[PDB]
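A.B. asks:
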Ligand SMILES: Cc1cc2nc3c(=O)[nH]c(=O)nc-3n(C[C@H](O)[C@H](O)[C@H](O)COP(=O)(O)O)c2cc1C
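In UniProt numbering, the protein residues as written are 10 to 283, 298 to 385.
1) Is it true that the CB of residue 64 sits closer than 8 Å to the CB of residue 185?
2) Which of helix, strand or coil does DSSP assign to residue 16?
3) So if DSSP puts residue 344 in a beta bridge, which residue, or which two residues, is it bridged to?
4) Using alpha carbons as the reference points, say which of 93, 339, 98 and 122 lies closest to residue 25.
5) Please check the pair residue 104 and residue 133, which I expect to be a contact at CB under 8 Å, by giving their CB distance rounded to whole angstroms.
6) May I have the straight-line CA-CA distance separating residue 248 from residue 199, to the nearest angstrom?
7) Counting Cβ pairs closer than 8 Å, one from the region 257 to 271 and one from the region 205 to 216, do we hit at least three?
8) Flag residue 170 as yes when its Cβ comes closer than 7 Å to any non-hydrogen atom of ligand 1, and as no otherwise.
9) Just to confirm my understanding: we take residue 20, look at its own chain, exclude 5 residues before and 5 after, and list those with CB closer than 7 Å. What are they?
10) Could you give the distance in angstroms between the alpha-carbon of residue 365 and the alpha-carbon of residue 346?
11) What are the partner residues of residue 276, as DSSP defines its beta bridges?
12) Would you call residue 53 buried or exposed, if buried means 16 or more other Cβ atoms sit within 10 Å of its Cβ?
13) If contacts are defined as beta-carbon pairs under 8 Å, then residue 80 and residue 47 qualify, I think. What distance do you get, rounded to the angstrom?
14) What three-state label does DSSP hand residue 102 in the structure shown?
15) Take the Cβ of residue 375 as the centre, count every other Cβ of all protein chains shown within 10 Å, and call the residue buried at 16 or more, exposed below.
16) Considering residue 47, what are the terminal residues of the alpha helix (DSSP H) in which it resides?
17) Quick one: Cα of residue 66 to Cα of residue 33, how far?
18) Using the three-state DSSP reduction, which class does residue 27 fall into: helix, strand or coil?
19) Give me the residue from 17, 27, 50 and 14 with the minimum Cα distance to residue 355.
20) So, with DSSP's three-state summary, where would you put residue 217?
21) Kindly indicate the opening and closing residues of the beta strand (DSSP E) around residue 66.
22) Got a sec: does ligand 1 put a non-hydrogen atom nearer than 7 Å to the Cβ of residue 58?
23) Which runs of the beta strand (DSSP E) spanning at least 3 residues fall entirely within the region 67 to 140, listed in chain order?
24) How many whole angstroms separate the CB atoms of residue 245 and residue 218, which I take to be in contact at a CB cut-off of 8 Å?
25) Ignoring anything shorter than 4 residues or poking outside the region 144 to 211, list the alpha helix (DSSP H) runs there in chain order.
26) From what residue to what residue does the beta strand (DSSP E) around residue 319 run?
27) I'd like to confirm something about residue 32: is its beta-carbon nearer than 7 Å to some heavy atom of ligand 1, or not?
28) Does residue 222 come out as helix, strand or coil in the three-state DSSP assignment?
29) Count Cβ pairs between the region 94 to 108 and the region 126 to 143 that sit closer than 8 Å; are there 3 or more?
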C-alpha cells in the first residue's frame, strides 16, 4: 500500500500519506478553541501522521462562519497549546490553517457590524448564502475594497498569527488561499477588478499571495509553511478565465520564494473541482511545483492509493471521511469499511454530537 510508505515532508518524517484536511466545524465557541477540539484532533492523531486544523482567524475581521477558532489572541494561543499538546502526545504533526474569508462574511461576524474587506467592492451574488449563527442562511453584503496600506496590514496579521501558532507549539501553518476567500479574491480575475498594482495583470493578481507567503516564510521558516490554492473551483463566484495559467503563475512564485529564501516550503496543497481534464490540471500543477504536493477533493481509499502510486501526489488529505472515521488511517490500512458522515452536524456547536461521537473500529 503506497499510502503507508513513509514520506519526508521537509523536516517532518511522516509515517504515511493520509492527511487530515482542514475542516471548519464551528465548535470553537466565541472564537476560542475548546476542549472538544482537543478530543476531536486527538481522536484522529496517529504516530507520524499529518493533521491540518480547521481554518483559524488571523484577525477580528477574518471570520464568515460561527464559533471558528482564532490565533490572534494570547487566550486563543493559550487554548491552542493544550490541543497541540494532546496531538503531539500521539506523535502527529499538526499545522494551523490561517484563514481570512474576505467578502465571504456578514455584519453579524464583523466587529461593530463593519463591512467585510476584499480586493473589490463587488459582493458575492445571491446564488450563494452564508450560514448565520442561528442556523439560518443570510445574504452576503457588499465588501469594502482596501488600499495597499491595509493590504500590508493584512499581510502582517498573517505574519503575527504564524508566530502565534509557533508559540502555541504548531509544527507550522497552512496559508488558506483557496475557495473564493480573501486571497482567492485577489487571484481570480472573476473577482479582482482592481486598477492598482494588485489588479489587472496575472502578475498583479498574484502579488497578494506572494507577499503573504513571503511574510510567513521569513517569520517561521519556509519548511513550516504550507500553501493551499484552488485555481479551478468557482466556489462563491470565484472563477478565473484561465484557471491553469493562474495555477501555474502561483506555482512559479512559490518556486521563486523557495529559491530566494534558500529553503523549500512544507508543501503545496491543491483541491480539485471534483473529469480527466480536471485530473490533468492537478498533475500539471504538481509537475510544475518544486516540492511536496498534497491533493484533496473527493478522494477515497482507492483514489488515494492511485494518486500516490502514479506520482500524482505525495500526500492525500481526506475531509468528510475523516469527520465520520476518527481512525480513518487505521481503517484505510486494514481496508476496513468506512462509516458515513452526518451532513447536518458539520457546522453545529455541540461539542460531542457529530464531532467526537463517531466510533472507532470494534
Ligand atoms: C465541513 C467542511 C469544512 C471544511 N473546512 C475547510 C476549511 O476550513 N479550510 C479549507 O481549506 N478547506 C475546508 N474544507 C475542504 C476540505 O479541506 C477538503 O478540501 C475537502 O473536504 C476534500 O473533500 P473530501 O471531503 O471528499 O475529502 C472543508 C470541507 C468540509 C466538508
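We put the CB at the ideal spot given by N, CA and C, even for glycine.
C.D. replies: The answer reads as follows:
1) yes
2) strand
3) Beta-bridge pairing links residue 344 to no other residue.
4) 339
5) Incorrect: roughly 28 Å between the Cβ atoms, too far for contact.
6) 5 Å
7) yes
8) no
9) 232
10) 9 Å
11) 235
12) That one is buried.
13) Not quite, the Cβ-Cβ distance comes to about 15 Å (not below 8 Å), so this is no contact.
14) strand
15) exposed
16) That run of the alpha helix (DSSP H) goes 44 to 53.
17) 11 Å
18) strand
19) 27
20) helix
21) That run of the beta strand (DSSP E) goes 59 to 66.
22) no
23) Here the runs fully enclosed are 102 to 108.
24) About 17 Å; that fails the 8 Å criterion.
25) 157 to 177 and 191 to 196
26) Element bounds for residue 319: 316 to 319.
27) yes
28) helix
29) no
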